[PDB]
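Written below as structure tokens is the structure these notes are about.
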Amino acid sequence: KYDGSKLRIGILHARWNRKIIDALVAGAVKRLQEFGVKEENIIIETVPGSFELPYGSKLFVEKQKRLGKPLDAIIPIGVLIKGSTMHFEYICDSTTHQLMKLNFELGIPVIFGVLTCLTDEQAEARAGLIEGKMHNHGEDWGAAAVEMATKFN
Amino acid sequence: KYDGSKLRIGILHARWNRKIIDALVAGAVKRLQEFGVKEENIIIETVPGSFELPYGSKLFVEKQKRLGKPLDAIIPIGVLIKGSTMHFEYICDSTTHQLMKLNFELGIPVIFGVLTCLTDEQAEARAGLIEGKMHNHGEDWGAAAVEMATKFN
Amino acid sequence: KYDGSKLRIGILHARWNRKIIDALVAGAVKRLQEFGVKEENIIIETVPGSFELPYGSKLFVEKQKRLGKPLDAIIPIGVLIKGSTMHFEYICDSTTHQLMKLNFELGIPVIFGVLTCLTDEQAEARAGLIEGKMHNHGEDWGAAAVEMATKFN
Amino acid sequence: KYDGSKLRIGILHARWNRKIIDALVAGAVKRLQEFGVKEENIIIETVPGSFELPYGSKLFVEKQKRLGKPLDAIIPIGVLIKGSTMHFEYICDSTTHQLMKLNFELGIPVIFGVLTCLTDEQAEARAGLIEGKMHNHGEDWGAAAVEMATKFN
Amino acid sequence: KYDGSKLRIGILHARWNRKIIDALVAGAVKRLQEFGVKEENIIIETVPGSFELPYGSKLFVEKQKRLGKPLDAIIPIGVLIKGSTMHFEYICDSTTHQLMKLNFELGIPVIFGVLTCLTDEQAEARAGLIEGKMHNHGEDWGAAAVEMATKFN
């Protein structure tokens with residue numbers, strides 16, 4: 001239904017919880033390929049943590065413009081696990097809100113690719129790392145990116 | 001009291017929990033028509049999830065303008081059921097704030113059509129899918145859209 | 001202490017929990033008139049629910065400007081009672097925040113007239129409907145509107 | 001440590017929980033004077049409740065500009081105690097966020113002088129009203145106002 | 001790897017919980033110099049509390065611009081420990097959201113250096129003050145500042 005061959009898609013991912021992140025990125029990449037998005041047009045860049053996702057996304061989008069290779073959509077990818085402090089709550093809160101607002105500031109679809117889990121098992125399951133359980137959410141984010149960049153043209 | 005015969009209403013809905021979504025959409029359509037809105041002027045469009053509703057609404061509104069068929073009001077519809085992670089809470093929080101803010105950005109009424117439930121039964125009951133329980137919240141939203149787009153002319 | 005004779009005050013109220021709504025409006029109307037605000041200068045208008053209060057207020061204010069009868073302040077009145085789902089939480093949160101911001105966007109005092117209760121009794125008690133318990137919060141909202149429109153002239 | 005002899009500081013306080021409010025203001029006033037701020041350059045003004053603090057601060061700042069006596073900093077003082085309903089949570093939430101945002105919109109330091117307590121005992125202790133317990137937070141607010149107005153000139 | 005030799009990084013830290021604050025700053029300063037940032041190009045400045053961090057950061061950024069020694073990135077540092085009242089919740093929430101927004105308002109990376117802990121031991125552990133327990137989170141913030149200011153040209 002959706003054609004991604006003409007699109008350039010950016011994936012910006014954190015490096016905290018790298019094992020789970022890698023699996024999510026791979027899924028997003030996989031689904032992008034299935035929609036016809038060219039390999040040269042899947043751009044992957046990293047940031048340290050999820051807090052750096054929103055501003056990192058802006059800087060990433062702006063750099064791509066300056067390069068003459070603008071992005072049609074972006075998938076910020078982060079994994080946050082509930083720890084002992086309230087750090088989890090406040091990172092999740094601020095990140096989710098800014099990424100949402102970033103749809104309008106940037107003028108391109110920003111797909112919420114942040115997992116917000118209470119356990120490591122929960123994040124692993126939603127990254128496809130536990131076999132026979134659930135699915136890789138990265139794949140959904142890939143499909144969402146193509147559609148949102150296409151549907152309303 | 002309120003006549004919608006000269007109005008063009010947009011409905012944008014998520015695709016997760018499709019059975020409950022379809023019931024709410026139909027309830028909004030049914031009520032829209034009771035206020036006099038013509039079938040040709042009820043425009044239905046989809047996005048994958050509730051996070052995509054706010055920016056999807058923006059792209060939908062701007063598309064209809066470019067087509068020369070501008071929307072007088074929009075009803076973003078989504079269904080969110082509490083899962084095992086905090087994903088429910090941050091999607092609800094961010095989506096709600098942006099849909100609220102979107103009234104002012106888009107310059108047209110944006111009717112909050114997002115169910116934020118704890119059980120599947122609760123969402124079914126609020127879509128009128130339980131024979132004796134409550135009512136279809138979709139109908140209330142249709143009536144809201146007509147009133148909000150007309151009352152202050 | 002505050003002369004309200006030269007003021008025009010708008011009251012925008014929701015229609016859900018109407019019995020409690022009516023009493024809060026009645027209290028606001030009473031105290032408004034006690035500070036000298038004339039009946040012809042108290043404009044009452046309605047919206048379906050509390051979510052429509054923020055944008056309804058803007059549309060109400062804009063309409064009153066086009067009529068050549070500008071409002072000096074506005075009191076959005078809503079009654080929200082905790083249900084079974086999270087609907088209460090997300091309506092309250094985004095409604096409160098927008099009404100707060102509306103002070104600066106509209107350039108007139110917006111008095112927070114939204115009850116956020118857990119039981120019907122709590123709302124009734126804070127609306128002056130329980131015989132010997134507490135008072136009608138509506139009156140306080142009336143007093144506030146007059147003061148905020150006058151004190152800093 | 002900082003010189004406040006050339007500063008004009010405004011104090012805007014709510015009128016609920018007055019006993020505690022008066023103690024908080026008296027602390028702020030006392031500490032202001034210790035930094036060199038003159039009695040004539042400490043302007044006290046009131047609003048009804050904490051919700052009125054944000055916009056009341058704007059109106060207060062603007063009036064002082066029209067009087068030719070601008071403020072170099074403002075200390076919005078409120079006392080909020082948790083009751084039976086959710087009123088506490090939502091007033092605290094939107095007031096704190098708006099007072100924070102007010103720093104950037106007014107262009108002067110806005111010092112958070114709102115106590116957000118669960119009990120009356122807690123507000124009294126944080127106002128210096130309990131003999132062998134803690135200190136008056138109002139003093140800290142007076143120190144903060146002076147510093148934030150001078151340190152970065 | 002990132003070259004911080006040409007960078008100027010600012011550190012703005014609160015003063016409450018000084019013992020923990022100092023460890024975080026020392027950790028950030030240390031990592032900065034490992035990435036090649038000169039000691040004349042690491043500017044430390046202070047504010048009273050965490051609530052002053054966002055507006056202090058702007059005042060600090062603007063001051064450095066006026067001096068001809070602009071900042072390429074800023075690390076606002078603060079320590080918040082849960083107390084008896086709801087003070088903790090509302091300072092974390094508004095500070096976190098504003099520091100996040102500040103990335104876009106200032107046009108430089110704003111590294112989130114605020115600990116949001118339930119106990120003192122939790123903050124000590126995340127500052128590297130407990131041997132064999134976790135690490136100094138300050139060190140990450142140093143690295144983040146250098147990466148975010150360089151990676152995207």
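Residue numbering restarts at 1 in every chain; chains get A, B, ... in the order shown in the structure tokens, and ligands count up from 1 in that same order.
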As a list in words, list the residues of range 109-146 of chain E assigned to strand (DSSP E) by DSSP on the backbone atoms of this structure. residues 113, 114, 115, 116 and 117 of chain E
Could those selected residues go to a file with N, CA, C and O atoms, as an mmCIF file, in the first residue's frame?
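Written out: again-v3.cif:
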```cif
data_model
loop_
_atom_site.group_PDB
_atom_site.id
_atom_site.type_symbol
_atom_site.label_atom_id
_atom_site.label_comp_id
_atom_site.auth_asym_id
_atom_site.auth_seq_id
_atom_site.Cartn_x
_atom_site.Cartn_y
_atom_site.Cartn_z
ATOM 1 N N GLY E 113 21.916 17.144 33.880
ATOM 2 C CA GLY E 113 22.781 16.744 34.983
ATOM 3 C C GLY E 113 22.103 16.842 36.333
ATOM 4 O O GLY E 113 22.735 17.179 37.333
ATOM 5 N N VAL E 114 20.809 16.544 36.362
ATOM 6 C CA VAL E 114 20.044 16.576 37.600
ATOM 7 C C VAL E 114 19.734 15.156 38.070
ATOM 8 O O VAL E 114 19.151 14.359 37.331
ATOM 9 N N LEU E 115 20.148 14.840 39.293
ATOM 10 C CA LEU E 115 19.780 13.576 39.919
ATOM 11 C C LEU E 115 18.426 13.737 40.592
ATOM 12 O O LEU E 115 18.163 14.757 41.232
ATOM 13 N N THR E 116 17.569 12.734 40.431
ATOM 14 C CA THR E 116 16.223 12.753 41.004
ATOM 15 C C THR E 116 16.018 11.515 41.883
ATOM 16 O O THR E 116 15.364 10.550 41.482
ATOM 17 N N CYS E 117 16.579 11.561 43.090
ATOM 18 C CA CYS E 117 16.649 10.384 43.960
ATOM 19 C C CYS E 117 15.651 10.390 45.110
ATOM 20 O O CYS E 117 15.226 11.446 45.578
#
```
Report task. Output as a count of residues only the set of chain A residues within 7 Å of chain E, with distances taken over only C-alpha atoms. Result -> 10
_Which of range 43-102 of chain D fall in alpha helix (DSSP H), as number ranges by chain_ = D: 53-66, 87-102
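CA of residue 1 in chain B sits 23.2 Å away from CA of residue 24 in chain B.
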Which residues come within 9 Å of residue 36 in chain E, counting only C-alpha atoms, excluding same-chain residues fewer than 3 positions away, as a PyMOL selection string? chain E and resi 2-7+31-33
Expressed in Å, the length from CA of residue 66 in chain D to CA of residue 150 in chain C is 15.1 Å
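Our summary of the geometry notes that CA of residue 11 in chain E is positioned 6.0 Å from CA of residue 43 in chain E.
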**OP:** Mind checking which residues fall within 9 Å of residue 13 in chain B, counting only C-alpha atoms, ignoring those fewer than 2 positions away in the same chain, and posting them as JSON, numbers by chain?
**Re:** {"B": [11, 15, 21, 22, 25, 44, 45, 46, 47, 48, 49, 50, 53, 75, 76, 77, 78, 113]}
Generate the output file for the selected residues, N, CA, C and O atoms, as an mmCIF file, in the first residue's frame.
```cif
data_model
loop_
_atom_site.group_PDB
_atom_site.id
_atom_site.type_symbol
_atom_site.label_atom_id
_atom_site.label_comp_id
_atom_site.auth_asym_id
_atom_site.auth_seq_id
_atom_site.Cartn_x
_atom_site.Cartn_y
_atom_site.Cartn_z
ATOM 1 N N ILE B 11 -12.571 12.836 10.410
ATOM 2 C CA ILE B 11 -12.282 11.837 11.434
ATOM 3 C C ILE B 11 -10.971 11.138 11.094
ATOM 4 O O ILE B 11 -10.840 10.521 10.034
ATOM 5 N N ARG B 15 -5.294 2.523 14.248
ATOM 6 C CA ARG B 15 -5.679 1.194 13.768
ATOM 7 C C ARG B 15 -5.489 0.074 14.800
ATOM 8 O O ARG B 15 -5.947 -1.051 14.588
ATOM 9 N N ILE B 21 -12.214 0.721 17.796
ATOM 10 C CA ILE B 21 -12.086 1.895 16.924
ATOM 11 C C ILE B 21 -13.275 2.032 15.966
ATOM 12 O O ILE B 21 -13.887 3.098 15.877
ATOM 13 N N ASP B 22 -13.593 0.946 15.262
ATOM 14 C CA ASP B 22 -14.674 0.931 14.277
ATOM 15 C C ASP B 22 -16.029 1.307 14.878
ATOM 16 O O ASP B 22 -16.851 1.942 14.212
ATOM 17 N N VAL B 25 -15.916 5.238 15.605
ATOM 18 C CA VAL B 25 -15.980 5.951 14.327
ATOM 19 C C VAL B 25 -17.410 5.961 13.784
ATOM 20 O O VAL B 25 -17.921 7.016 13.403
ATOM 21 N N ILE B 44 -12.933 10.351 6.339
ATOM 22 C CA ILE B 44 -12.295 9.386 7.230
ATOM 23 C C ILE B 44 -10.872 9.090 6.763
ATOM 24 O O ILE B 44 -10.643 8.796 5.587
ATOM 25 N N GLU B 45 -9.926 9.170 7.693
ATOM 26 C CA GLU B 45 -8.541 8.817 7.412
ATOM 27 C C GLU B 45 -7.923 8.079 8.602
ATOM 28 O O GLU B 45 -8.416 8.184 9.723
ATOM 29 N N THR B 46 -6.855 7.326 8.350
ATOM 30 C CA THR B 46 -6.235 6.493 9.381
ATOM 31 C C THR B 46 -4.758 6.813 9.617
ATOM 32 O O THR B 46 -4.062 7.301 8.722
ATOM 33 N N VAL B 47 -4.301 6.539 10.839
ATOM 34 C CA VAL B 47 -2.874 6.485 11.184
ATOM 35 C C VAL B 47 -2.649 5.204 12.001
ATOM 36 O O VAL B 47 -3.615 4.629 12.506
ATOM 37 N N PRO B 48 -1.389 4.739 12.123
ATOM 38 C CA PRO B 48 -1.163 3.483 12.849
ATOM 39 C C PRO B 48 -1.587 3.526 14.320
ATOM 40 O O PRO B 48 -2.405 2.707 14.747
ATOM 41 N N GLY B 49 -1.046 4.473 15.082
ATOM 42 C CA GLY B 49 -1.314 4.543 16.513
ATOM 43 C C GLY B 49 -1.664 5.931 17.009
ATOM 44 O O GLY B 49 -1.579 6.910 16.263
ATOM 45 N N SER B 50 -2.042 6.009 18.281
ATOM 46 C CA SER B 50 -2.484 7.259 18.895
ATOM 47 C C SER B 50 -1.415 8.357 18.929
ATOM 48 O O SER B 50 -1.745 9.542 18.911
ATOM 49 N N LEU B 53 -1.660 10.526 15.901
ATOM 50 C CA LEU B 53 -2.892 11.313 15.764
ATOM 51 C C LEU B 53 -2.685 12.833 15.671
ATOM 52 O O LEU B 53 -3.267 13.465 14.787
ATOM 53 N N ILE B 75 -11.984 15.100 14.414
ATOM 54 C CA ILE B 75 -12.153 14.170 15.526
ATOM 55 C C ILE B 75 -11.085 13.073 15.467
ATOM 56 O O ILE B 75 -11.274 12.055 14.791
ATOM 57 N N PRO B 76 -9.946 13.289 16.155
ATOM 58 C CA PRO B 76 -8.927 12.249 16.313
ATOM 59 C C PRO B 76 -9.408 11.149 17.258
ATOM 60 O O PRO B 76 -9.726 11.423 18.418
ATOM 61 N N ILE B 77 -9.457 9.919 16.754
ATOM 62 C CA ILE B 77 -9.948 8.778 17.522
ATOM 63 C C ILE B 77 -8.854 7.725 17.715
ATOM 64 O O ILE B 77 -8.234 7.271 16.751
ATOM 65 N N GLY B 78 -8.624 7.355 18.973
ATOM 66 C CA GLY B 78 -7.700 6.280 19.325
ATOM 67 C C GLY B 78 -8.195 5.519 20.541
ATOM 68 O O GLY B 78 -9.033 6.017 21.293
ATOM 69 N N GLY B 113 -11.074 12.329 21.036
ATOM 70 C CA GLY B 113 -11.685 11.026 20.836
ATOM 71 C C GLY B 113 -10.784 9.865 21.211
ATOM 72 O O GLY B 113 -10.809 8.822 20.556
#
```
